[PDB]
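**Q** Any chance you can model this:
(chains A, B, C, D, E, F, G and H)
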Amino acid sequence: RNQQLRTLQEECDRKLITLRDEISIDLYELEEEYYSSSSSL
Amino acid sequence: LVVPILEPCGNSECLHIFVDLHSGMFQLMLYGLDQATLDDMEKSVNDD
Amino acid sequence: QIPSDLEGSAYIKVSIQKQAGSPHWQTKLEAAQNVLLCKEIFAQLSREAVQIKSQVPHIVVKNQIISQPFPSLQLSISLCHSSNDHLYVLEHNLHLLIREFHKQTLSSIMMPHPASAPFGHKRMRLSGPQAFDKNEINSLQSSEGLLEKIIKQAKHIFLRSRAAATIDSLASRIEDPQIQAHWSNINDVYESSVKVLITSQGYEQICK
Amino acid sequence: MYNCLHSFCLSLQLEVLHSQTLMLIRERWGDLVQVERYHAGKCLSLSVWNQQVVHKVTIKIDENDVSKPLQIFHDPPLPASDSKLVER
Amino acid sequence: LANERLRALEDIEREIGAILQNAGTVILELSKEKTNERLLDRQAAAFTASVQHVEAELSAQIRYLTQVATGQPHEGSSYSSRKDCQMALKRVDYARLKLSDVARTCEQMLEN
Amino acid sequence: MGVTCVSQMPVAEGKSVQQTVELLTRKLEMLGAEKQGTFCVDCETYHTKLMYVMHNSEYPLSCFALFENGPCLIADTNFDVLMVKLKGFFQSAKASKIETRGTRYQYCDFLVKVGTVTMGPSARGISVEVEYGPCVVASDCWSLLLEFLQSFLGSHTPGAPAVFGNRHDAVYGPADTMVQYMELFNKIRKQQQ
Amino acid sequence: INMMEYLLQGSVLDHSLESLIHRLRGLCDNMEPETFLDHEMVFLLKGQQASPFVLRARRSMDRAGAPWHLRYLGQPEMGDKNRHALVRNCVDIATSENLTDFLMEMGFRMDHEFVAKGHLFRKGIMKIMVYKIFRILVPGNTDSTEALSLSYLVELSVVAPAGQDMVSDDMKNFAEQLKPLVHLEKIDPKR
Amino acid sequence: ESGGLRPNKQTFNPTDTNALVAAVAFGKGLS
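**A** Numbering: from 1, shown residues only, chains lettered A, B, ... in the order given. Here you go:
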């Protein structure tokens, strides 16, 4: 049971990290946008 | 007790004196004060 | 048959306030184990809050720990026992810290690294053999509390939030020169980093 | 009947409080609160803010507590009159 | 562990069989015309054999326990791995929730 | 392991060994160095070729056994317990127990320790050790420590350790520090007068 | 204070190693086995005293940066029959690699060398080691060794202060409860 | 029937334990 659960957890973590990575790239794009917006209230 | 040192000042830079509900001793919390002077002042306060 | 006082569902609640399936038996057993773990967590927290000296002393009334990490905020760590604003990050950190403290005894490190020794802290053994310094690589050699670490983490989170909001306002209010911020990918529980840039609207290249 | 029932329930409350105090001393407080004197059915004295890091809180049962479970008595200090706090 | 399962099955089967045999034999005993003479003797033999077999099987199975028996209740548990995995799953669920909320806000933006 | 240098500075003059230590404390206050605790060194001697054991407070649980030019074993404190107990096949030598006890002053990443090798009950001499924890490589800080000693100590600044004399890029080590302590002890003993 | 080590020694044939290990893991604290390889060298001083001081130095060949261990174990203190354990004075000191040269320059002369391969389990204070002694083939050749005998060696040991003895009673009870799979008894070193 | 001396698998050899302890002590057949 231990091996199974550990593998499951690790796979989950890998997926999570890659997500963190993808979400971070999206965040970078948005941070480069919103900040550069003309707007000027 | 938030007692201020100087008249023109904000929330920080004022002596925050607390009382431990379990012990009763006085504990002072200054932002940038060194820990040795802090415990010395704590002892001097708890004495009198 | 669930043991008494382990019945119902319990979940520790940590909040920051700017004021003042399958097998049935499995569910019962897991709920009781989680209740026991949360009870141990809160017992350790209350003991460290009461019997350990620290700045800005804290208040424990029945099952709630009210602390002032900063002079202008309140941290409430209260155990909620149902007996039939929540920051899950701090609860997860509490659970992992308690599990680490539990694993400390079963730690593989402290288990006679060499052979026929005394079975204790092989890092400290190597430090004593290699003549380590008084405080450097010794001093306390891990001697903190769950409450202290949790408070430090909460303070860091608040500071980060504060800086973020401040820059946002600066970005919304002041629009003439520019403002930019690129938060780092990897952070820590007691640290973070940004990259502020102040360019112009049209001349990005030269105004660097 | 009322006198007997009242005496019994007040004595039961007395140690329901004594048991709670010893449980608090065991787990959380840890010598931060102490038991000065406990008389079963007469009074129970709890001391807080000890001299190390004194005051007592007595849970008396005297004569007839006609008005209420004998209003508690903070014997040593007799705290000052704070309208909001002394009522609680 | 299917070995233990098969053992139990055989046990139950043999027991039921022997009980039925005894029933039939006593029914033929009260019978006014016991036509099953040799048949009855065969049944008796079978029942005896069954009981002997059951006894032997039981003794062997009991030893099986003694070989692993020690009285000690055994400490080693999977509590560590289980707790870790539970924590991980809860964390992933929280992440999914946050992602869904952000997606919903983006949908709202598009809806105007 | 941070490059270190130890030398004997004459207490000299009519200034009492202890008063000379007070003058050294005044010089350390002038540097702005602040006390960071206390340090105690004690030694055990065994006539046999030649066995010396030096232990320094800064390293709390280690006991160093040095065999002259032969290798130094850095071992846990139990080592002292064991040598004492076995004793029968160990030379008792004499009361050569040499100890230097003095304050530790920390100046920006340099720890300076000035102490009086008190022989037995009577003080005689003075040992100064400047340790640079950031500098793990010997020779690179043989130069740094000579410069720092010329800066404070001024006159009577030494010529640097024998391991410093040896030309290697090898990391310095608490071992060489114990070696220096040993040579220092040897110097007061032979010095006599 | 001095450290006394309680030792109960018994043997297991290899064909029962599997079963023994299984039972051991099941009863012992929830850990994986540590799989330890240790090379031990014995050095003796031929002093004026008839008895020669014997110091054993062990280096882990399976791990990196693990300090050599010097252990001194004196004469047995066994007296009463109501303990069933070898109580001996134990001094254990972690040491640097130069230890070999230090000891030979100090006079200590190397005696024999035996590598040991086996598993380590701990139950509370108690530590159970099932190991096999491989008589080194060629003292220089740690690589080549000779299994001394087919049977592995099971040792149950508790090293505690002399005043403590409840732990030794616990060790005796635990060995007795391991009797159905295998027998651990106090065997005198003599013959 | 009847019953004889049949312990289920004997895994202990006393002569082997004695030899092992003696070797650990006097280094027999180890040099």
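**Q** Which of the helices or strands spans residue 19?
**A** Let's take chain A. Per DSSP states H and E: residue A:19 is located in helix A:2-34.
**Q** Let me rephrase: I mean chain F.
**A** Assigned by DSSP H and E, residue F:19 falls within helix F:17-31.
**Q** Give me the residues contacting that helix.
**A** Contacts with helix F:17-31, where a contact means Cβ atoms under 8 Å, 6 or more residues apart in numbering or on different chains, come from F:9, F:11-13, F:15, F:102-103, F:105, F:107, F:112, F:114-116, F:123-126, F:128, F:152. Quick note: C-beta positions are derived from backbone N, CA and C, even for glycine.
**Q** Just the C-alpha atoms of it, please, in PDB.
**A** This file holds the C-alpha atoms of helix F:17-31, laid out as PDB (Å, rounded to 0.1, in the frame of the first residue of the first chain):
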ATOM      1  CA  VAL F  17      50.400  39.600  33.000                       C
ATOM      2  CA  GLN F  18      46.700  40.400  34.000                       C
ATOM      3  CA  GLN F  19      47.100  44.200  33.600                       C
ATOM      4  CA  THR F  20      48.800  43.500  30.100                       C
ATOM      5  CA  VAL F  21      45.600  41.400  29.400                       C
ATOM      6  CA  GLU F  22      43.600  44.500  30.400                       C
ATOM      7  CA  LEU F  23      45.600  46.700  28.000                       C
ATOM      8  CA  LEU F  24      44.900  44.100  25.300                       C
ATOM      9  CA  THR F  25      41.100  44.300  26.200                       C
ATOM     10  CA  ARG F  26      41.400  48.100  25.900                       C
ATOM     11  CA  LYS F  27      43.000  47.700  22.400                       C
ATOM     12  CA  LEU F  28      40.100  45.300  21.400                       C
ATOM     13  CA  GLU F  29      37.500  47.900  22.600                       C
ATOM     14  CA  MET F  30      39.400  50.500  20.500                       C
ATOM     15  CA  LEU F  31      38.900  48.100  17.500                       C
END
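**Q** Now that helix: buried residues?
**A** F:17, F:20, F:21, F:24, F:25, F:27, F:28 (16 or more other Cβ atoms under 10 Å in any protein chain shown).
**Q** And for stretch E:33-44?
**A** E:40, E:43.
**Q** Equivalent analysis for stretch G:93-100, please.
**A** Within stretch G:93-100, the residues scored as buried using 16+ other Cβ under 10 Å are G:93, G:94, G:95, G:96, G:98, G:99, G:100.
**Q** Quick one: the helices in chain B, in order.
**A** Applying DSSP state H to chain B gives helices spanning B:35-47.
**Q** what do you get for chain F?
**A** Using DSSP H, the helices found in chain F span residues F:17-31, F:78-86, F:140-151, F:162-165, F:174-191.
**Q** if you compare those helices, which one is most tucked away?
**A** Among the helices of chain F, helix F:174-191 has the highest mean neighbour count (mean count of other Cβ atoms under 10 Å in any protein chain shown), at a mean of 19.
**Q** how far out from the middle of the chain is it?
**A** Offset of helix F:174-191 from its chain centre (Cα atoms, centre = their mean, to the nearest Å): 6 Å.
**Q** Look through chain D and state the residue closest to chain F.
**A** Going by Cβ to the nearest Cβ, chain F is nearest to residue D:53 of chain D, at 26.4 Å.
**Q** count of residues packed around the residue lying closest to that residue once chain neighbours are set aside?
**A** Spatial nearest neighbour of residue D:53, excluding adjacent residues (Cβ to Cβ, 6 or more residues apart in numbering or on different chains): residue B:23 at 4.5 Å. For residue B:23, the count of nearby residues is 19 (other Cβ atoms under 10 Å in any protein chain shown).
**Q** Can you name the residues that contact residue B:23?
**A** With contact taken as Cβ under 8 Å, 6+ apart, residue B:23 is in contact with C:57, D:32, D:49, D:50, D:53.
**Q** PyMOL command to pick out the buried ones of those residues?
**A** Selection of buried members from those for PyMOL, criterion 16+ other Cβ under 10 Å:
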select buried, (chain C and resi 57) or (chain D and resi 32+49)
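**Q** Make a markdown table from the contacts of residue B:23 and add secondary structure to it.
**A** Converted to a markdown table, these look like this (DSSP: H, G, I helix; E, B strand; the rest coil):
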| residue | secondary structure |
| --- | --- |
| C:57 | coil |
| D:32 | coil |
| D:49 | coil |
| D:50 | coil |
| D:53 | coil |
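**Q** can stretch B:13-21 be found next to chain C?
**A** Yes: on the criterion Cβ under 8 Å from any Cβ of the partner chain, stretch B:13-21 is in touch with chain C at B:16, B:18, B:19, B:20, B:21.
**Q** now these as JSON lines including distance to residue F:178?
**A** Below are the residues of stretch B:13-21 next to chain C laid out as JSON lines (distance: Cβ to Cβ, whole Å):
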{"residue": "B:16", "distance to residue F:178": "49"}
{"residue": "B:18", "distance to residue F:178": "49"}
{"residue": "B:19", "distance to residue F:178": "52"}
{"residue": "B:20", "distance to residue F:178": "47"}
{"residue": "B:21", "distance to residue F:178": "53"}
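**Q** rewinding a little: right, and the pair among the contacts of residue B:23 with maximum separation?
**A** C:57 and D:50 (15.3 Å; Cβ to Cβ).
**Q** before we move on, back to that, nearest to residue F:57, out of the helices of chain F?
**A** Ranking the helices of chain F by proximity to residue F:57 (Cβ to Cβ) places helix F:174-191 first, at 12.1 Å.
**Q** check contacts around residue 13.
**A** Here I'm looking at chain A. Listed by Cβ under 8 Å, 6+ apart, the contact set of residue A:13 reads residue E:88.
**Q** was after chain C, sorry
**A** Counting by Cβ under 8 Å, 6+ apart, residue C:13 makes contact with C:76, C:77, C:78, C:79, C:80, C:86, C:91.
**Q** Skipping adjacent residues, who's closest to it in space?
**A** Closest residue in space to residue C:13, ignoring its immediate chain neighbours: residue C:80 at 5.0 Å, by Cβ to Cβ, 6+ apart.
**Q** now, which of the buried residues of helix F:17-31 sits nearest chain E?
**A** residue F:28 (52.8 Å).
**Q** ok, now how distant is that closest one from chain D?
**A** Taking Cβ to the nearest Cβ, to the nearest Å as the measure, residue F:28 falls 37 Å from chain D.
**Q** Residue C:77 too?
**A** Per Cβ to the nearest Cβ, residue C:77 is found 14 Å from chain D.
**Q** Give me the sheet partners of the helix or strand containing that residue and which way each runs.
**A** Using DSSP H and E, residue C:77 maps to strand C:74-81. Using DSSP bridges, the strands paired with strand C:74-81 are strand C:10-17 (antiparallel), strand C:64-67 (antiparallel).
**Q** Reformat those as JSON lines; add distance to residue G:106.
**A** Formatted as JSON lines, those follow (distance: least, Cβ to Cβ, whole Å):
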{"stretch": "strand C:10-17", "distance to residue G:106": "59"}
{"stretch": "strand C:64-67", "distance to residue G:106": "59"}
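**Q** Residue E:60: which of the ones you listed is closest?
**A** Judged by Cβ to Cβ, the one of those that comes nearest to residue E:60 is strand C:10-17, at 48.3 Å.
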